[PDB]
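Colleague: when you get a sec, could you give me coordinates for this:
(7 chains, ligands or ions: 4)
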Amino acid sequence: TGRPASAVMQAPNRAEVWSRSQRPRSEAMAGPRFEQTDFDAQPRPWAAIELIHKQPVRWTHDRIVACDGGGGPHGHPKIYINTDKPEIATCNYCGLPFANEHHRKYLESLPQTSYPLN
Amino acid sequence: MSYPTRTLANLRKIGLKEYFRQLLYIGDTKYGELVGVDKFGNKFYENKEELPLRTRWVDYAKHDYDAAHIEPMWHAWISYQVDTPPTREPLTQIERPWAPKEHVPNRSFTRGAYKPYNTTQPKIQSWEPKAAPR
Amino acid sequence: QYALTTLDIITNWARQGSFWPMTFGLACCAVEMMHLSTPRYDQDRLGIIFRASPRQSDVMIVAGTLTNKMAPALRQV
Amino acid sequence: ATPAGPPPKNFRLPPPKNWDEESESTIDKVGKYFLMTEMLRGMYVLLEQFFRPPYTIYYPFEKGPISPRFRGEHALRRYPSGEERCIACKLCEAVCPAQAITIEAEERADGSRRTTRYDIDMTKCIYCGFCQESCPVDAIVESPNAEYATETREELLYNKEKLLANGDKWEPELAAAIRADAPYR
Amino acid sequence: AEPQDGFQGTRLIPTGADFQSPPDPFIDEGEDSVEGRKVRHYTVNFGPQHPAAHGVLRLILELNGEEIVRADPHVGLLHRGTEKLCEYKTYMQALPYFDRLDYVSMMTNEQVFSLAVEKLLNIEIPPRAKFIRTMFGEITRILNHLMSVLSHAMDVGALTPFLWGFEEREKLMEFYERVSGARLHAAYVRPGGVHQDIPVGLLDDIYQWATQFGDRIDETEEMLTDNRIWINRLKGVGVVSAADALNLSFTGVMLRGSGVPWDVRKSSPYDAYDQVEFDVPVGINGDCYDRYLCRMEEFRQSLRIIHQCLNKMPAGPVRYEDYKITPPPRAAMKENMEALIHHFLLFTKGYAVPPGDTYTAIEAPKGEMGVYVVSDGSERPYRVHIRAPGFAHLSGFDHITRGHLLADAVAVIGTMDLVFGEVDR
Amino acid sequence: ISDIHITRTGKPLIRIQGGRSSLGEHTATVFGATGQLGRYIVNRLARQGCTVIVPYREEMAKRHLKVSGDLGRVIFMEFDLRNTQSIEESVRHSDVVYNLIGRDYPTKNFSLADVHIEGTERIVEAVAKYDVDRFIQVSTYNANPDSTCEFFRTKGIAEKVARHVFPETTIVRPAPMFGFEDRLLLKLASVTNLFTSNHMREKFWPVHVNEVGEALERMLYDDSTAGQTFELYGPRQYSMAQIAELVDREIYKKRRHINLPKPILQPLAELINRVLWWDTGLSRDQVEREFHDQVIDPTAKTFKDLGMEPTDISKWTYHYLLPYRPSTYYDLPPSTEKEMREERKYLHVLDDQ
Amino acid sequence: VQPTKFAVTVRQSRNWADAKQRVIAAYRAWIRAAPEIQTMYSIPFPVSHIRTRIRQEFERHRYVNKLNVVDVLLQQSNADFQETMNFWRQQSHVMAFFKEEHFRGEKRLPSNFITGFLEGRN
Ligand SMILES: NC(=O)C1=CN([C@@H]2O[C@H](COP(=O)(O)OP(=O)(O)OC[C@H]3O[C@@H](n4cnc5c(N)ncnc54)[C@H](OP(=O)(O)O)[C@@H]3O)[C@@H](O)[C@H]2O)C=CC1
Ligand code: SF4
Ligand code: SF4
Ligand SMILES: [Zn+2]
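Modeller: Numbering: from 1, shown residues only, chains lettered A, B, ... in the order given. Ligands and ions are numbered 1, 2, ... in the order given. Shown next is the protein structure:
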């Protein structure tokens, strides 16, 4: 029921679904109920998965890093992240990337990373 | 309920054209200082010598004025939920590239009305029949 | 065409200007509904007059929980 | 009727007084009757109110007061980075007194714990704030908005798209309301 | 050996009829002749479609000309199955169901359920919570009496006091919205205390309203108390004697109007009512006029209590300090392991309440409100039964109205503080 | 009759049979559902959990249809019969399309040919473009393209157009239907005077509108009704006079017809239709229609084929006209001697009041 | 009687002879009222069809051999009778009692195994 890009794109900043059980917008907004409708007027929030991966890697020398979202009481419960593996460590609440400085040369060697590194 | 001295004074401060226009939408003779303008073009005013809860008011940009036309942060200000107008509100300055750029009014009774739908895939998948050849 | 819109505007202005609800005040929503006739909001200033019988009324406001035992009465009015 | 023990002092009323024993003169008694003195006094009260300022505000040009705690239209919020705050804990779905929330979740493509379905039936919701109280990440909140009456009932079945769009539009109010009341939460 | 003993019907069980004693006759004070002609009564349905005094009320009356023969109220038009739903909820989840029973007296409704659950929890709530709940109790009593007295006045023709007093309702509804985020259904009083503390500028704003409320009461009394039309509409109407009021299950003003000095706040003190001073208005003629005067004086004693609560408000927490019952502060929940677990469990499982049962009653604005809760030891109540004063009062409508004029029925419907969310539940 | 329906084009419909919340699987468009008969087909589909597309012209007219179905089941579409985009936006998702669009009088905007012939032709062409499975076209009794009567004639060509564009068209020929909100029983029972230029001598076999609506539903379920034609009529023949006898027999009022002669009434009927803005029940082609007599085609499927047995109109007059019989105390028949004697057991005035 | 029109005080039956009289008394009142019931709720059925339903309702409980259970059924019958003869029931309530007026029919269960199986458990 949708020709325009608002009716096909999963989000303005991402064409594709980001979970296996996610219904593609093209099939979700199809059928009789979407016939005489403005599609740009429909709610289409930006995909959070694309936005969090623009966040640069917060480098640290310490092995363990605390993350609470940065709002103090306005964030998430404080958790502690281990950066000892040679990879980008990510907060399981807010998705923020963290990496140890010991792994900077190997991470810079990597062809493509999950996070910009800069 | 304006009273003579109030209405006569506001008339002098605003002029008869403005007076009659104000009488065409709000039905009162109000005058105050311009606090600011929102994204949709609504103008917001304050006067602390008015009656309680009448010290803040909006002049709507659109003839068919609707209460949902008010920009979010201004909605808090006019409803006395905050005292700092959005013109001085730091939380209005955080850059959110995902934030809606044009104002979002209520879209009911139009063809932009929100249509709900299932956001998930079917729970069960049937076999795709493959007749084996003889 | 313009004439028929003028009558359209005129007849619609009358429907908006005298908006007479028949408040079926079933429960606690009727308390908020009753606060629309009070001085702070004064629905009468806009032309809204609450009416007791459906015969005199243009709008039904169902303000409350509709039980099965009460539904036949609501359909009747 | 009376509590146990001796009768309360002077509980028994004195005997009724006859017409003869009334301590009020005839002229006053006849005057109030024929002149309706207490009705005139009540009318005079109305004139006093007639010259007092009315309490009416001109809605929608003016609005009544609401607090940072005010419970209105639901919204889903983000972090400053734009990542969803919601991690599919299901605390709001479990506490909901009206069973208005339905949630489904799996690992996202990046392996993050996120929702795939987040619906709120606004025709089941009793606007109590329990979800907002139960959320450990401030993901579900009630906005101050109350002016969203709809033409059809289907427009009040909010899915995740509708709720995340609401959070994007209302975020500066949502942060201001959280900013003012978080010390008390 | 029941019920197989009833399979063949042996040993009928004794009824009240089998214990009727003949009165002592010594001291017992109690042809085509037209006197034998019967009189046909006409049975008129009043409500809910045809306008009535207020609410979902189908009142079926048998009339003899202008006089009431039989009064038969049909209720259940607002029966929503609240008592059954509470068995599928946690104690937290059942609390908002109490806002919606007497839905102009929300905080005292949730007060009675909190006190009953606190009793089975075996916890003493902090002193500041006690004073906040007593303070909001009398604010809610004024809100109720403003609705009850004035809408009762509006039913008999007195339009103006209803307009004046509902601006007072608007001012006190702001206090409800400042503490919770709701005009009506605050869900504010919970077992353990109150949801959150009051904002730091509320007490002074309540105080400012308190300095002017006496004048509002007085101006209401200027239109009604001495008015001869008001008196002639209320005096000698809806009389019930002190003895029958007790036997009919009448509580509150419906009981005190008949001369019985009885207030649950005095007889069985709860929250901070033992720490405050107030008087109990009591009538002597048991009629609509006495009950109107008791309610007007209750306005002044409520304001008198609120002023004492403003000055006696102590410092400290507003929620019992055990995170196994009350939710931890959000900063604690995001900071330490123990608090986060207790937050998770209270909002998914709920707190477990020790097994047992209790009947807990308070002096609600409409009379004795009680709740009977049975706990099975789990996080869901086994049984929640609500005792609504309006249920007992409306059950007495036939007793107080039989033999009287149809033109007095609106007076006694209004003299009973009748909200049908209370009656039907 | 089962949890599986396979449509003309093969779609398997796994259906959960039940009530409002159940899964009927069919998507239907019903053109002209805002009239007398459209409420019984829309109601039957929606309450089985089928999706019903309702194209409408006046918003306030279609408001009652939404109550039939669960949320999301009754869908409204703004449409004009001369807006092709609107017709085929209402049809491209449907597996069955009902055409109930008809009008007994011409209007300033629509001739009988414009609403029937051109009306069907745009709809039927939309049906074939999107390969709708079943296109049920509703028509009239006496539908014949060689008739002088434009009503019958324009119902004739539209049959031929529909069957040409879409050979599997199912044609339904109902006789004049009675029932709630009908124009047979209430028209006789309500209007003070009728201008009938034939002494109510036209005969026909009235059929309940409920049974026609039920029949329309039964054709959806059996694929054997495609390419067929259905004359749908009641058991016994009546005439407008004999039915008026029943009406008068039930409401205790005497019918009065002016009965102006045909050469004078017919031009007047034209004038009234061109100056009054509503259905006056009177027009030129309607005066001509009253001389015609319903002739039932013998080579057309009946209710038999659908497993139905129409009821006689005299079984329904009392039910449908009961609220129109006066019930004032002034109108009861005289009291029996049994009644006269019992009155003397009561006082009939309150002397103390 | 005294409380409202058709109010019957709740009493146990003394013996099986007592119970049988009440059951016959209850049936007699029911089938006698059938003409009034038709015109009072405008039922679209003849009094014959209504009176058959009365007998079947009494025949579902013909085989009861327990006195206490009879007292329960008698109390239910009086309560239903009162709320019918008083116009407390609405046409929707009485019409729902006639199983023919459900749009899925009265034979709401499969006739045999194979009809229910072919349709999918009925
Ligand atoms: N009723 C009877 O006894 C008989 C009826 N028929 C046929 O049965 C079918 C249904 O009958 P019934 O329901 O009683 O008829 P109604 O007159 O009650 O309804 C006819 C429908 O056609 C629609 N319609 C008419 N003209 C137009 C137009 N120009 N453009 C768009 N829509 C239009 C109407 O919509 P709107 O409400 O907006 O005008 C309405 O929904 C029709 O095809 C009719 O001709 C034939 C024989 C007998
Ligand atoms: S909104 Fe909050 S409480 Fe609900 S699932 Fe998301 S994170 Fe958990
Ligand atoms: S506000 Fe209350 S009822 Fe509504 S979704 Fe949140 S928890 Fe559920
Ligand atoms: Zn984090």
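Colleague: and chain D, which of its residues are near chain E?
Modeller: Residues of chain D lying near chain E by CB under 8 Å from any CB of the partner chain: D:1-3, D:8, D:13, D:36, D:38-39, D:41-42, D:45-46, D:49, D:55, D:65-67, D:69-71, D:90-91, D:94-97, D:126-130, D:133-134, D:136, D:142, D:181-182, D:184-185. All C-beta atoms are positioned from the backbone trio N, CA, C, and that covers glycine.
Colleague: quick one: contacts of stretch F:154-166?
Modeller: Outside of stretch F:154-166, the residues within contact range by CB atoms under 8 Å, 6 or more residues apart in numbering or on different chains are F:99, F:102, F:112-113, F:116-117, F:119-121, F:124-125, F:127-128, F:135, F:137, F:139-140, F:143-147, F:169, F:171.
Colleague: distance from the chain centre to that stretch, please.
Modeller: 20 Å (CA atoms, centre = their mean, to the nearest Å).
Colleague: ligand 1 next: which of the contacts of stretch F:154-166 are close?
Modeller: F:102, F:140 (CB under 6 Å from any ligand atom).
Colleague: which of the contacts of stretch F:154-166 are buried, as a PyMOL select command?
Modeller: Filtering the contacts of stretch F:154-166 down to the buried ones (16 or more other CB atoms under 10 Å in any protein chain shown) takes a single PyMOL command:
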select buried, chain F and resi 99+102+112+116+117+119+120+121+124+125+127+128+135+137+139+140+143+144+147+169+171
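Colleague: which parts of chain A are strands?
Modeller: Under the criterion DSSP state E, chain A contains strands at A:58-60, A:64-67, A:79-82, A:89-90, A:97-100.
Colleague: can you redo the ones you listed as CSV with mean neighbour count and distance to residue E:377?
Modeller: CSV is the format used below for the strands of chain A (neighbours: other CB atoms under 10 Å in any protein chain shown; distance: least, CB to CB, whole Å):
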stretch, mean neighbour count, distance to residue E:377
strand A:58-60, 16, 49
strand A:64-67, 15, 40
strand A:79-82, 13, 35
strand A:89-90, 22, 43
strand A:97-100, 22, 46
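Colleague: in the stretch 1-150 of chain E, which residue sits closest to chain A?
Modeller: Residue nearest to chain A within the stretch 1-150 of chain E: residue E:92 (21.1 Å; CB to the nearest CB).
Colleague: give me the neighbour count for that residue.
Modeller: Other residues within reach of residue E:92, judged by other CB atoms under 10 Å in any protein chain shown, total 22.
Colleague: now do the contacts for the closest residue to it other than its chain neighbours.
Modeller: The shortest distance from residue E:92 to any non-neighbouring residue, by CB to CB, 6 or more residues apart in numbering or on different chains, is to residue E:350 (5.6 Å). Each residue near residue E:350 by CB under 8 Å, 6+ apart is listed here: E:90-93, E:379-380.
Colleague: need the contact list for the residue of the stretch 51-200 of chain E found nearest ligand 3.
Modeller: Per CB to the nearest ligand atom, residue E:96 is where the stretch 51-200 of chain E lies closest to ligand 3, at 7.7 Å. Going by CB under 8 Å, 6+ apart, residue E:96 touches D:97, D:126, D:128, E:185, E:187.
Colleague: tell me the secondary structure of the closest residue to residue E:364 other than its chain neighbours, please.
Modeller: Distance criterion CB to CB, 6+ apart; nearest residue to residue E:364, sequence neighbours excluded, is residue E:108 at 5.1 Å. The three-state label given to residue E:108 by DSSP: H, G, I helix; E, B strand; the rest coil is helix.
Colleague: ok, residue E:108 to ligand 4 distance?
Modeller: To ligand 4, residue E:108 is 43 Å away according to CB to the ion, to the nearest Å.
Colleague: residues in contact with that residue?
Modeller: Contacts of residue E:108 by CB under 8 Å, 6+ apart are E:102, E:137, E:140-141, E:362, E:364-365, E:369.
Colleague: which single one of those residues is nearest to residue F:225?
Modeller: residue E:102 (59.9 Å; CB to CB).
Colleague: so the closest residue to chain F within chain G versus residue F:5, what's the distance?
Modeller: As assessed by CB to the nearest CB, chain F sits closest to residue G:120 within chain G, at 3.7 Å. Separation of residue G:120 from residue F:5 (CB to CB, to the nearest Å): 12 Å.
Colleague: for these two, indicate the residue with more neighbours.
Modeller: Neighbours per residue, other CB under 10 Å: of residue G:120 and residue F:5, the larger number sits with residue F:5, 20 against 14.
Colleague: would you list the phi and psi of that one?
Modeller: Torsion angles at residue F:5 (phi, psi; degrees, to the nearest 10) stand at phi -120, psi 130.
Colleague: just checking, it touches residue F:25?
Modeller: Yes: taking contacts as CB atoms under 8 Å, residue F:5 lies within contact range of residue F:25: 6.7 Å.
Colleague: who's in contact with residue F:287?
Modeller: Counting by CB under 8 Å, 6+ apart, residue F:287 touches F:197, F:262, F:265-266, F:269.
Colleague: how about 6 Å then?
Modeller: By CB atoms under 6 Å, 6 or more residues apart in numbering or on different chains, the contact list for residue F:287 reads F:197, F:265-266, F:269.
Colleague: equivalent analysis for residue F:251, please.
Modeller: Per CB under 6 Å, 6+ apart, neighbours of residue F:251: F:189, F:321, F:324-325.
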